[PDB]
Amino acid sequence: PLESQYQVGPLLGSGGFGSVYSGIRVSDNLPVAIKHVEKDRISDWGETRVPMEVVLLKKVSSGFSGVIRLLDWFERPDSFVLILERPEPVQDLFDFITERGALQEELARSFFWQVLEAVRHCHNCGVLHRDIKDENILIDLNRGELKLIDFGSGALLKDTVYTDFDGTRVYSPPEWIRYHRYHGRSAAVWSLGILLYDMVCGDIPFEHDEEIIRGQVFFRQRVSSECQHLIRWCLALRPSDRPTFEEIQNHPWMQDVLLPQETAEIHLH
């Protein structure tokens, strides 16, 4: 009985990924997110079959982390309903950046660092997000913690090649656009490259396929030499030339990161 446990709220937003509503678990007023997904629209199914999101989230969730947790899910004749956690107050990185524009490097460092830990956790649990970007990143405004959301385009992590991709094009790597082929970890680093640039410049670097395959990065804002360096490194044209998660976090620009709470007190409150 879904209609009895949760009290549906306003529509938060929708897309090809389905519709998401705000809500509260009657059981204890816990704020949640209710995601609806029509079966006719699912492209990848996992194991009883279910939408990828459910399989992936079940592999990571367990335990504390920077990934939105799957509280529960229900199957209906023509769709699935996912109960995701919902932090309040909250705002996604997209709206946050659109509001304040370019983020200060100290804040960008704290945020970027949390995303790195989040992604490392996913990969560590055999899950590959495949659509990392500002929209899929939520900010818990009080604790200054970031959450990774929407694993609708994700997949199980593997070391062999990937020939399918249903993520955000402007965030996709040169190898995908030129050969419809890419490897998990490396394509992930590239999108992280776009993300960092988005954070420190207030916008994504490439808009057209030409720009992506050319891989020339131009800065419209003042960014430190080191940050500019880490960004161009993640955006290397040759996948094997990109850094490992370990190399990124060991990067000079990634040192002396702030704690989530500190980040909140200084930049969010």
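Residues carry their position along the shown sequence, with the first being 1. If you superpose the two forms and keep the largest set of C-alpha atoms that fall within 1.5 Å, you have the rigid core.
Here 7-15 and 257-265 are scored by the root mean square distance of their C-alpha atoms in 5 other deposited structures of this protein, with each structure fitted by the rigid core; the higher score goes to 7-15.
Larger root-mean-square CA separation from the shown form, computed after a rigid core fit of the structures in 5 other deposited structures of this protein, is seen for 56-64 when 231-239 is set against 56-64. Per the record, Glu47 and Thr48 are separated by 4 to 9 deposited residues that have no coordinates.
Between 32-40 and 216-224, it is 32-40 that carries the larger average Cα temperature factor according to the deposited entry.
The mean Cα B-factor in the deposited entry runs higher for 204-212 than for the other of 204-212 and 226-234.
When the C-alpha B factors of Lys147, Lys133, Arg130, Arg76 are read from the deposited coordinates, the top value falls at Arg76. In the PDB entry, a CA B factor belonging to the highest third of its chain's modelled residues is recorded for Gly167. When all modelled residues of the chain are sorted by CA temperature factor, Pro252 is found within the lowest third. Split the chain's modelled residues into thirds by C-alpha temperature factor. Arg178 is in the highest one.
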